[PDB]
Amino acid sequence: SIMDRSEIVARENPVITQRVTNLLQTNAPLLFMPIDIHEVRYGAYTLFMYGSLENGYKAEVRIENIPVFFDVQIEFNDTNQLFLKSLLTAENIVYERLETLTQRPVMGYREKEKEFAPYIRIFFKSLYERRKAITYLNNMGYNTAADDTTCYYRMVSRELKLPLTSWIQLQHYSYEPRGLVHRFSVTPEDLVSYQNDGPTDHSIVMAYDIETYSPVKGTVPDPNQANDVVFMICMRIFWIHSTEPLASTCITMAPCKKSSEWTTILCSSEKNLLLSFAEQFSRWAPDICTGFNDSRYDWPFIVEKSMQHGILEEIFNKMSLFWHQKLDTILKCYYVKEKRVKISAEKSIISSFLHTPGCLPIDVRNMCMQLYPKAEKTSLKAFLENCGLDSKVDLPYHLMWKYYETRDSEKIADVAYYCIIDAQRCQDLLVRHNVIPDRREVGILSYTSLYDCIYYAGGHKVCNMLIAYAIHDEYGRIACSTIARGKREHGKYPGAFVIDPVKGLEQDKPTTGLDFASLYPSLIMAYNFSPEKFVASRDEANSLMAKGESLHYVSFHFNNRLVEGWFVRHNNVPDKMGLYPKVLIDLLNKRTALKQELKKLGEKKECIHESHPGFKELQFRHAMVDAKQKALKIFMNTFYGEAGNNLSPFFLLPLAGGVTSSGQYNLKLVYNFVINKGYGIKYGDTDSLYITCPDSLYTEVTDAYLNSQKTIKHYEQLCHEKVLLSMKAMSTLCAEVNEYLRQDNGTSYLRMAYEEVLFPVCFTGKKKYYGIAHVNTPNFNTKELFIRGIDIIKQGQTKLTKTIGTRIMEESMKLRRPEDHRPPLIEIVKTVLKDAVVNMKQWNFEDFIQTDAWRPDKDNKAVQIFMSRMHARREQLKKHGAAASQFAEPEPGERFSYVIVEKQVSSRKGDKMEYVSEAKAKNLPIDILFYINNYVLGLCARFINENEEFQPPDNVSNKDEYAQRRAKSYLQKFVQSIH
DNA sequence: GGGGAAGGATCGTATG
DNA sequence: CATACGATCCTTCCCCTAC
């Protein structure tokens, strides 16, 4: 009584399935979407594309006769061809046939006459022979183009204009049915990409969750232990873009009540449990598998228990659409172990999953941390609360273990419900964050598969997109390589132009940030930074300068040596434009067009009410345009990172050095121009300059304030006029700066932008500033603060960090008369901290709660001391004949909530720990001083750790974490003094 | 890896 | 005036996630 994928799809959309089968009967062209891409390495190369048709059917399509090739840059001739033939034959490499052609080298500028270079293309039958031949030819010093060595489906995506994450049209195929999967065989000239907006996708995502058991109480279950078992396997199948359950199931050992919302299958053993899981997987055939933290606890434990019982081979072969495979191949090539997934520049994750062909695995946790690289709490509850979704049901783990042990068939239904809701929340997060469409659009722009957009970094994607744009081209097939060459020199680039910030509470004149709009791509656009326009020899550069060519000179100090170079300018002619400027200009034009389209779609969505039967497609188009513009942004902001990476094939030290030096030169020019115009400089950071208007421009506006009744409302009037005059003057300042830049570099791709006005403002140090933000009209009554640098977004251990950090900032940023004896930042911190300490009643009890875990095997000192004190108290109460029921020990692994209390005359954390129930029973003081000292002063020290008094002497090595110690000690002394 | 709690001697310094 | 306090350098898990 189990319903397979075909019947479910037929039940969902009958008319679409009828149209699909009518098209299939007549062998008409149809539509396909790939999700997981698998390729065979040995033997004849056939590329398998797994995915879904437009109704929801599972389709495998194999692309036969893909041309497998790579290019070598030698002079084409009979003698050279014979020599290369002998070289390939001597090291027993099987070749198919050879071709000759002409291509443009990517490194080094050449004139028009010598623009093309001869290349010989080697055709091959298998990928293994190609990899051996490419290694042999690279070891002999020959140059190699179209030289991908890791994955070859990127070659198929690049050469054929065939995105592997977008729709593909099947024409002239060969259908063959084998049940739940439909097999097509296609010739690569019979495949085309679907240009316009495709229909609604109908892929299937299976969200699964596992609940386990361990005889050793209070310890996380471990796969290696023999007694450790899985007992709940709960999984649901959803659409790619919906949260409604298509079909749900629970696979169990312990008896459970029949439920009308999901199907429960009873298994008498763990082996039968795993086989039932595999059978339901095979019957449903997910396009995508998912689950929260499934690559670190779920899949390893499943595969370890499958290996222990010796059923891994049969489970894999039932769950995979590929042919039969043996256990060694499954453990070697398909079960990945210790794979590294990158979040940011300093964070990496270890993941392990079973990549069965026909289904692509995604961790919800990996996407959640990729979208929020600075997230501090990475639990499911934390992400659910941040994203504003329904939280998990309150079921403790020890209660689950106890109810499993009692074998009570009635209430294991609650355990199943908890596991199914945990499965639901994963795809709830996936739909709410719109991860899969964003990855699809990244793949469309990058010509990669979805697997690469999920588990690989974006730098390789940018490199792939650049190669894809280069190889097609409009002016003659620019050829480029992929593997890196030359010595990977390591060093530090020259430092940025440091501008000393004028620290303090600036509330006499407004400041405003002039920002370079996409500075590094703009300099790449303007100065024609491309590898094929680079000249290294000085004599060649002089010869080009002789024949009426415009060049840009770059010179920088790297590793104590002078690196110099010349770049050929395009002179505002698209024919002479380089590869990087062409790619960036195309991406910027696309971004502008989609910005216009998104504005029109948003206006239409605001116009059209939700009751009309057209809101779904409008929201769906809005989702596509938002995803597309986000992908365009993430590729455009990554060009400099890929250009500066040493491992990149396109890496060129003059290119990165010239980009940095040109940014330096333009920032210096803007700085000098602004100073010579009379304006002031407050802060400068790479691409941003904060400008303060001259005093004289305000004079008349100030004069009416001095001759008035001199009241408060007069001062808000003064501030209002101040902001208006600042905006009006500095818009013209920005226009003149743009005109000067255009007159300097000769192009119009480098412009400045007027982001918002900051008044009053506070710069506390390097990359640490805040203030009131004004966008078009002044509003000083707002509670929204423009913040950068200060880590106010930190829940930490208490909510007092939030409250006091906000209160300091708000007390600093209000308007004050020039006759109210303006206190500096340190005095404001002093008075707000005194107000916090003295006025105890302003706080509530719930902000003083902390949570901890009681694990009687770990050497957690404070928890050990608290539990020892509680045990001593319980023994003392029992000796006195007192029923210490609410003093009882927690169950092992059970989280408990505590507070800190005053202890009259140790100072350790443990002796002040008390239970929440005990604290509310006795109404004890909550010892605000300890909380303030250990949690609030960390943030409060960030505000005054650049003052003159808190400075190191000259004879000290460490300069960063050496003044905050004195700041914290000074605040400690002040807090202890105020009593 | 980055922050949280806990443990020890001696110089730096002070006082009845 | 020689003891007693105290803070800094430095060292060791523990929490983090999933049960």
# chains A, B, ... in the order shown; residues from 1 in each chain; ligands from 1

$ interface_residues --of "chain A" --to "chain C" --cutoff "6 Å" --atoms "only C-alpha atoms (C1' of nucleotides)" --output "list in words"
residues 220, 297 and 860 of chain A

$ interface_residues --of "chain B" --to "chain A" --cutoff "9 Å" --atoms "only C-alpha atoms (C1' of nucleotides)" --output "short mmCIF file (atom, residue, chain, number, x, y, z; two decimals) with N, CA and C atoms (P, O5', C5', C4', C3', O3' and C1' of nucleotides), in the first residue's frame"
data_model
loop_
_atom_site.label_atom_id
_atom_site.label_comp_id
_atom_site.auth_asym_id
_atom_site.auth_seq_id
_atom_site.Cartn_x
_atom_site.Cartn_y
_atom_site.Cartn_z
P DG B 1 44.91 26.42 13.93
"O5'" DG B 1 43.65 27.41 13.96
"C5'" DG B 1 42.38 26.93 14.39
"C4'" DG B 1 41.37 28.07 14.44
"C3'" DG B 1 41.60 29.09 15.54
"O3'" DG B 1 40.94 30.30 15.19
"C1'" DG B 1 39.70 27.78 16.07
P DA B 5 32.22 32.48 31.68
"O5'" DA B 5 32.78 31.17 32.39
"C5'" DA B 5 33.05 31.17 33.78
"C4'" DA B 5 33.95 30.02 34.14
"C3'" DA B 5 34.88 30.28 35.33
"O3'" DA B 5 34.57 29.40 36.40
"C1'" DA B 5 36.03 29.24 33.52
P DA B 6 35.21 29.65 37.85
"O5'" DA B 6 36.60 28.87 37.80
"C5'" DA B 6 36.60 27.47 37.57
"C4'" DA B 6 38.02 26.92 37.59
"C3'" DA B 6 38.92 27.49 38.69
"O3'" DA B 6 39.66 26.43 39.29
"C1'" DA B 6 39.96 27.73 36.61
#

$ residues_around --residues "residue 440 of chain A" --least-positions-apart "2" --cutoff "10 Å" --atoms "only C-alpha atoms (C1' of nucleotides)" --output "PDB file with N, CA and C atoms, in the first residue's frame"
ATOM      1  N   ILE A  35      19.526  17.799 -12.190  1.00  0.00           N
ATOM      2  CA  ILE A  35      19.910  18.104 -10.816  1.00  0.00           C
ATOM      3  C   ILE A  35      21.248  17.506 -10.424  1.00  0.00           C
ATOM      4  N   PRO A 163      23.739  25.038 -20.104  1.00  0.00           N
ATOM      5  CA  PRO A 163      23.741  25.102 -18.642  1.00  0.00           C
ATOM      6  C   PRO A 163      23.192  23.817 -18.047  1.00  0.00           C
ATOM      7  N   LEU A 164      23.870  23.328 -17.013  1.00  0.00           N
ATOM      8  CA  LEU A 164      23.477  22.095 -16.350  1.00  0.00           C
ATOM      9  C   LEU A 164      22.543  22.330 -15.174  1.00  0.00           C
ATOM     10  N   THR A 165      22.211  23.584 -14.869  1.00  0.00           N
ATOM     11  CA  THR A 165      21.242  23.892 -13.828  1.00  0.00           C
ATOM     12  C   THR A 165      19.989  24.557 -14.385  1.00  0.00           C
ATOM     13  N   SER A 166      19.912  24.753 -15.696  1.00  0.00           N
ATOM     14  CA  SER A 166      18.764  25.362 -16.346  1.00  0.00           C
ATOM     15  C   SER A 166      18.051  24.325 -17.202  1.00  0.00           C
ATOM     16  N   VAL A 435      17.446  28.913  -1.289  1.00  0.00           N
ATOM     17  CA  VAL A 435      18.816  28.497  -1.578  1.00  0.00           C
ATOM     18  C   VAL A 435      18.920  27.893  -2.973  1.00  0.00           C
ATOM     19  N   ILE A 436      18.024  26.959  -3.297  1.00  0.00           N
ATOM     20  CA  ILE A 436      18.163  26.186  -4.535  1.00  0.00           C
ATOM     21  C   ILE A 436      18.017  27.044  -5.796  1.00  0.00           C
ATOM     22  N   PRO A 437      17.029  27.950  -5.912  1.00  0.00           N
ATOM     23  CA  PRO A 437      17.034  28.841  -7.090  1.00  0.00           C
ATOM     24  C   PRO A 437      18.267  29.725  -7.198  1.00  0.00           C
ATOM     25  N   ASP A 438      18.806  30.195  -6.069  1.00  0.00           N
ATOM     26  CA  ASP A 438      20.028  30.993  -6.111  1.00  0.00           C
ATOM     27  C   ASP A 438      21.201  30.175  -6.631  1.00  0.00           C
ATOM     28  N   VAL A 442      23.357  30.790 -10.074  1.00  0.00           N
ATOM     29  CA  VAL A 442      24.816  30.793 -10.039  1.00  0.00           C
ATOM     30  C   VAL A 442      25.371  29.787 -11.041  1.00  0.00           C
ATOM     31  N   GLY A 443      24.745  28.612 -11.132  1.00  0.00           N
ATOM     32  CA  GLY A 443      25.175  27.625 -12.108  1.00  0.00           C
ATOM     33  C   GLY A 443      24.940  28.056 -13.544  1.00  0.00           C
ATOM     34  N   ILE A 444      23.822  28.741 -13.799  1.00  0.00           N
ATOM     35  CA  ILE A 444      23.549  29.249 -15.142  1.00  0.00           C
ATOM     36  C   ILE A 444      24.606  30.263 -15.550  1.00  0.00           C
ATOM     37  N   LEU A 445      24.954  31.173 -14.641  1.00  0.00           N
ATOM     38  CA  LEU A 445      25.955  32.183 -14.968  1.00  0.00           C
ATOM     39  C   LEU A 445      27.353  31.582 -15.051  1.00  0.00           C
ATOM     40  N   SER A 446      27.591  30.478 -14.347  1.00  0.00           N
ATOM     41  CA  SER A 446      28.930  29.927 -14.198  1.00  0.00           C
ATOM     42  C   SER A 446      29.195  28.699 -15.056  1.00  0.00           C
ATOM     43  N   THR A 448      28.324  25.618 -14.519  1.00  0.00           N
ATOM     44  CA  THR A 448      28.700  24.516 -13.648  1.00  0.00           C
ATOM     45  C   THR A 448      27.467  23.699 -13.293  1.00  0.00           C
ATOM     46  N   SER A 449      27.705  22.564 -12.646  1.00  0.00           N
ATOM     47  CA  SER A 449      26.616  21.757 -12.128  1.00  0.00           C
ATOM     48  C   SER A 449      26.170  22.289 -10.769  1.00  0.00           C
ATOM     49  N   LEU A 450      25.051  21.752 -10.281  1.00  0.00           N
ATOM     50  CA  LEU A 450      24.548  22.166  -8.976  1.00  0.00           C
ATOM     51  C   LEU A 450      25.452  21.683  -7.850  1.00  0.00           C
ATOM     52  N   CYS A 453      28.045  24.195  -7.326  1.00  0.00           N
ATOM     53  CA  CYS A 453      27.486  25.375  -6.685  1.00  0.00           C
ATOM     54  C   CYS A 453      27.099  25.124  -5.236  1.00  0.00           C
ATOM     55  N   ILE A 454      27.073  23.871  -4.801  1.00  0.00           N
ATOM     56  CA  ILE A 454      26.736  23.526  -3.425  1.00  0.00           C
ATOM     57  C   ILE A 454      27.980  23.295  -2.577  1.00  0.00           C
ATOM     58  N   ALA A 627      16.954  36.362  -7.315  1.00  0.00           N
ATOM     59  CA  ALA A 627      18.037  35.384  -7.333  1.00  0.00           C
ATOM     60  C   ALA A 627      19.076  35.735  -8.387  1.00  0.00           C
ATOM     61  N   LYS A 628      18.618  36.159  -9.563  1.00  0.00           N
ATOM     62  CA  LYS A 628      19.526  36.475 -10.656  1.00  0.00           C
ATOM     63  C   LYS A 628      20.394  37.683 -10.326  1.00  0.00           C
ATOM     64  N   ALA A 631      23.009  36.672  -7.777  1.00  0.00           N
ATOM     65  CA  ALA A 631      24.090  35.924  -8.411  1.00  0.00           C
ATOM     66  C   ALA A 631      25.015  36.841  -9.201  1.00  0.00           C
TER      67      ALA A 631
END

$ select_by_dssp --residues "segment 122-365 of chain A" --states "alpha helix (DSSP H)" --output "PyMOL selection string"
chain A and resi 127-139+153-159+270-284+299-309+312-319+327-329+364-365

$ atom_distance --atom1 "atom CA of residue 377 of chain A" --atom2 "atom CA of residue 851 of chain A"
13.6 Å

$ atom_distance --atom1 "atom CA of residue 73 of chain A" --atom2 "atom CA of residue 134 of chain A"
12.7 Å

$ atom_distance --atom1 "atom CA of residue 266 of chain A" --atom2 "atom CA of residue 234 of chain A"
12.3 Å

$ select_by_dssp --residues "segment 627-693 of chain A" --states "strand (DSSP E or B)" --output "PyMOL selection string"
chain A and resi 680-685+688-692

$ residues_around --residues "residue 656 of chain A" --least-positions-apart "3" --cutoff "10 Å" --atoms "only C-alpha atoms (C1' of nucleotides)" --output "ChimeraX atom specification"
/A:493,520,529,640-645,651-653,659-662

$ residues_around --residues "residue 228 of chain A" --least-positions-apart "2" --cutoff "8 Å" --atoms "only C-alpha atoms (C1' of nucleotides)" --output "number ranges by chain"
A: 212-215, 221-226, 230
